[PDB]
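Comments concern the structure below.
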Amino acid sequence: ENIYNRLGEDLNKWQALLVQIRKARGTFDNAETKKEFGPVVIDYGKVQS
Amino acid sequence: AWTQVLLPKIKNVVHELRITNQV
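Chains A and B, in that order, are what the protein sequence lines are. Counting with UniProt numbering, you get residues 1066 to 1114 for the letters of the first sequence. Counting with UniProt numbering, you get residues 921 to 927, 953 to 968 for the letters of the second sequence.
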């Protein structure tokens, strides 16, 4: 409801954040399971689904 | 011989099924 009120009657309804959400699907929805970085590996295994 | 192998060292070809944006 907060989002709806904030963006009620946007370009049509949102038309913008419905676009940036698709980009936000990054760091996510990829065959990669654990992001390695040097000797530090952050594993999104439990949250992936 | 290669054919009857298909049906000679053959490489194993593999490909996968995945899903993206729920497709």
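All C-beta atoms in this analysis are idealised placements derived from N, C-alpha and C, irrespective of residue type, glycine included.
Supposed close pair residue i, residue j - CB separation, criterion 8 angstroms
{"i": "A/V1106", "j": "A/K1099", "result": "5 angstroms"}
{"i": "A/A1081", "j": "B/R963", "result": "Not quite, the Cβ-Cβ distance comes to about 30 angstroms (not below 8 angstroms), so this is no contact."}
Beta-carbon spacing of residue i, residue j below 8 angstroms
{"i": "B/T923", "j": "A/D1094", "result": "no"}
Those residues which DSSP pairs with residue i across a bridge
{"i": "A/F1102", "result": "A/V1105"}
Near the ligand SAM: residue i beta-carbon under 7 angstroms from a heavy atom
{"i": "A/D1075", "result": "The ligand SAM is not part of the structure shown, which contains no ligands of any sort."}
Residue interval of the alpha helix (DSSP H) (run including residue i)
{"i": "A/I1068", "result": "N1067 to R1071"}
{"i": "A/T1092", "result": "Element bounds for A/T1092: n/a, residue is neither H nor E."}
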